[PDB]
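Q: This one is an experimental structure. Sequence first:
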Amino acid sequence: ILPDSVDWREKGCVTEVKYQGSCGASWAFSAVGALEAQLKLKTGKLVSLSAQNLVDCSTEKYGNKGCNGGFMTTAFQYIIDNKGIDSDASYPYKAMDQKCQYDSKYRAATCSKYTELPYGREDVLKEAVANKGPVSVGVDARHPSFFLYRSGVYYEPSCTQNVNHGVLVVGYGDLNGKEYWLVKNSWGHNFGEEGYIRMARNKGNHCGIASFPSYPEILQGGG
Ligand SMILES: COc1ccc(C#Cc2cc(-c3nn(CCCN4CCOCC4)c4c3CN(S(C)(=O)=O)CC4)ccc2Cl)cc1CNCc1ccccc1
């Protein structure tokens, strides 16, 4: 069965909120955030992974442009191709494009595969968040109400299903009935509720939250 509510922070699978600054690298944070949860699920260690590693190294082969945007799916493919990603501690974030400085000596996680979920299916997103872990998603976050969000369940009538900002679904629930997705942003802890925003759930793929979801996996052998 599916829990009525999920918050992956309760199980210690979510690192501290990061602050991307003036580097359009939300895709990098969304991808590492999803992989961090799998690293903890599979090994028990919660380590921040290096978004800067993706910004510098997951580039033109993966359709990504560093501080000018990119994609969580191909970020995961780089980690598969590279056979690792560095910890954030060892490859820290500078909010600018750099030369690739990946060092395998400090590799903290790998990725075996990733799964893309079907467009707009909030039921399938719910099941993945419940049974797999946090899911990387894009949202339409260009509207002023997103930038000003403080609390409650976010609903914006002008939102569309075209995504323009990468975030991390770490759970779901309802606020006094009002169904929401628990969303980790990368605008530091002063955005929203200590860096989190609850976004309207089951209201016709609101703000595109279920448009392009994906999550990575770390496989233990096989049968
Ligand atoms: C103009 O600025 C933009 C515009 C777009 C984005 C973005 C994005 C984004 C996009 C996707 C996304 N995957 N796929 C499927 C795969 C596409 N790929 C093809 C080639 O490579 C591999 C994957 C699509 C979209 C977008 N769609 S669509 C228009 O929605 O139909 C078309 C199909 C998945 C995750 C993210 Cl995150 C980011 C910025 C910069 N951020 C600005 C900003 C906005 C608000 C608040 C703060 C900052």
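A: Happy to help now that I have it. Numbers count the residues shown, from 1 in each chain.

Q: Contact residues of the chain facing the ligand?
A: Applying CB under 6 Å from any ligand atom, one finds that the chain approaches the ligand through 24, 27, 63, 69, 71-74, 138, 141-142, 162-166, 211-212. (C-beta placed from N, C-alpha, C; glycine too.)

Q: Where do the strands of the chain begin and end?
A: 6-7, 85-86, 107-109, 113-116, 135-139, 153-154, 165-175, 178-184, 196-200, 214-217 (DSSP state E).

Q: What subset of the residues of the chain next to the ligand is buried?
A: Listed as buried from the residues of the chain next to the ligand are 24, 27, 69, 71-74, 138, 141-142, 163, 165-166, 211-212; burial here means 16 or more other CB atoms under 10 Å.

Q: Which members of the residues you listed are the farthest-apart pair?
A: Within those, 74 and 142 form the most distant pair, 22.1 Å apart (CB to CB).

Q: on that earlier part again, pick the one among the buried ones among the residues of the chain next to the ligand closest to residue 196.
A: residue 141 (13.6 Å).

Q: Go ahead and confirm the closest one touches residue 160.
A: No. Applying CB atoms under 8 Å as the test, residue 141 and residue 160 come out as separate, 10.9 Å apart.

Q: any shared contact partners between these two?
A: residue 207 (CB atoms under 8 Å, 6 or more residues apart in numbering).

Q: coming back round to it: taking the residues of the chain next to the ligand one by one, which sit in helices?
A: 27, 72, 73, 74 (DSSP state H).

Q: list the contacts for the third one?
A: In this case it means residue 73. Residue 73 neighbours (CB under 8 Å, 6+ apart): 114, 116, 212, 214.

Q: Now render these as CSV, adding distance to residue 220.
A: Converted to CSV, the contacts of residue 73 look like this (distance: CB to CB, whole Å):
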residue, distance to residue 220
114, 16
116, 22
212, 27
214, 20
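
Q: What subset of the residues you listed is buried?
A: So, by 16+ other CB under 10 Å, the buried ones in the contacts of residue 73 are 114, 212, 214.

Q: Now for the residue nearest to residue 121 when sequence neighbours are not counted, how many residues are close by?
A: Leaving aside its chain neighbours, residue 121 sits nearest to residue 210 (5.9 Å; criterion: CB to CB, 6 or more residues apart in numbering). Residues within reach of residue 210, counting by other CB atoms under 10 Å, total 29.

Q: Equivalent analysis for the one 10 residues further on, please.
A: Per other CB under 10 Å, the neighbour tally for residue 220 reads 8.

Q: Same check on residue 158?
A: Under the criterion other CB under 10 Å, the count of neighbours that residue 158 has is 10.

Q: for it, what are its contacts?
A: Per CB under 8 Å, 6+ apart, neighbours of residue 158: residue 143.

Q: so how far is the ligand from it?
A: 13 Å (CB to the nearest ligand atom, to the nearest Å).
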